Every structure is written in C-alpha cells, then in structure tokens.
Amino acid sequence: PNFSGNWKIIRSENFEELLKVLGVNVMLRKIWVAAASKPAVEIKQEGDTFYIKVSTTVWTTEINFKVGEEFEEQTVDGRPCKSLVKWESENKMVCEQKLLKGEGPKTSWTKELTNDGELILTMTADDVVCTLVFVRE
C-alpha cells in the first residue's frame, strides 16, 4: 500500500544490543545512541520501486531499490553490502544483506506498515533484533 511518508520515530528497542553485535565498542555505542539516534525516514514509493532517505542531524544516506533486484547499500554500522528485498506479505518486505568484502555478523532488515499507521523497521544482526517504530508526519 502507501509506504510513502515522512516518518518520525516513536519506539526503539535493542538498538544498543544491535550495535554491540555489529562490533561498535562500548563508549561508541553509548555515545552513539545519544543526540544522534532519533532518525528521520522519508519514503517515496512508486510500485515495486523504493526511494528511502534516512538522516540524523549531520548524516544522511539514500537507499534505492526495486523489490527482487539486487543493489548495494550500507549495513547499519557502515560496511558496504549487496542487498535483495522480497515481499513476505501484502504489507511487509524482507531484505537479505551480503557483505561486499570482509566477514562479520549476518544482517538483514524488514519493513512493515501496520494497518494502524505504524511503520515498523527491524534490523537483525545474528540473533539480535532491533525494532524501530515510526508514525507519519
């Protein structure tokens, strides 16, 4: 349906846990989830094609994909990867990520629109699941 919107975050869960598995050391994680961990997500959708903009106060990243087509992006912690999004339901999609170079935790993310107006991102590294919940602006 209409994933498109200007999304403001309302709930974070396990974001520091995620960062830990990803290997960001302690002081870095703590300091990280501080004044720059309340992110804005902008979504413009046209069919199976997605344009996404995620930004803090000094950083912004653009993610562009079509469902079913490989692309390149970033892991949550900054490492470049190849990604592929699939649908798992009418309102939910799943992305498997494979690192470009190196090794590290197995990462993935999902994007779901609840019928109640919540946009729900999850990000997974090995067995830790960070859940972010947004509502529109």
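We number the residues from 1 along the sequence you see.
**Q** Check the entry's C-alpha temperature factors for 101-109 and 28-36, then say which stretch has the higher mean.
**A** So the stretch with the higher mean C-alpha B-factor is 28-36.
**Q** Averaging C-alpha B-factors over each stretch, which comes out higher, 82-90 or 37-45?
**A** Looking at the record's C-alpha B-factors, the answer is 37-45.
**Q** Once the chain's modelled residues are ordered by C-alpha B factor and cut into thirds, is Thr60 in the lowest, middle or highest one?
**A** For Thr60, whose C-alpha B-factor we compare with every modelled residue in the chain, the answer is the lowest third.
**Q** In terms of the chain's CA B-factor thirds, is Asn115 lowest, middle or highest?
**A** According to the entry, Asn115 has a C-alpha B-factor in the chain's highest third.
**Q** Please place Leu22 in the lowest, middle or highest third of its chain according to the CA B-factor in the PDB entry.
**A** It falls in the middle third of the chain.
**Q** Taking the entry's C-alpha B-factors for this chain, is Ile10 in the lowest, middle or highest third?
**A** Highest third.
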